[PDB]
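Just one chain follows, in the form deposited in one PDB entry, and it is written as structure tokens.
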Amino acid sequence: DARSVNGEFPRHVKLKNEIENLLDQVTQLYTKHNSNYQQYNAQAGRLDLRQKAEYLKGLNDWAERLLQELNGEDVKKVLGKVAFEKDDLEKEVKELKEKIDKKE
């Protein structure tokens, strides 16, 4: 009760832990993204335009995939697909109720 402040001290530590770990993940992403650009600059010399674009695209694709996992944009994209499927099934019910109750 008193030592844990009714559970709110361990809750504080949980949140500090979660924030620390996310800060660590985002920092590492940031450093790897910048080091990826140096690798690109080093390679660019031997690559034609189509190959430069293909390599830089995969480096960007890598950063963005991780970033969208960290910032929850991956989950917002999922939410969108599911919300659309929900709002299409609602459009189906409205139609089928019209077709069944009237006209049949």
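Residues that one form lacks are left out of the comparison. Quick note: we count residues from 1 along the sequence shown, nothing fancier. C-alpha atoms forming the largest set that superposes within 1.5 Å between two forms make up the rigid core.
Comparing 15-23 with 91-99, the higher mean C-alpha B-factor in the PDB entry belongs to 91-99. 57-65 and 38-46 differ in mean CA B-factor, and the higher of the two is recorded for 38-46.
Below: the form deposited in another entry, not depicted.
Put the two forms on the same core and the Cα of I19 is off by less than 2 Å between the shown form and the other one.
Positional change of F84 between the shown form and the other one reaches 2 Å or more at the C-alpha, relative to the superposed core. In this core-based overlay, residues 1-3, 83-104 form runs of three or more whose Cα positions differ by 2 Å or more between the shown form and the other one.
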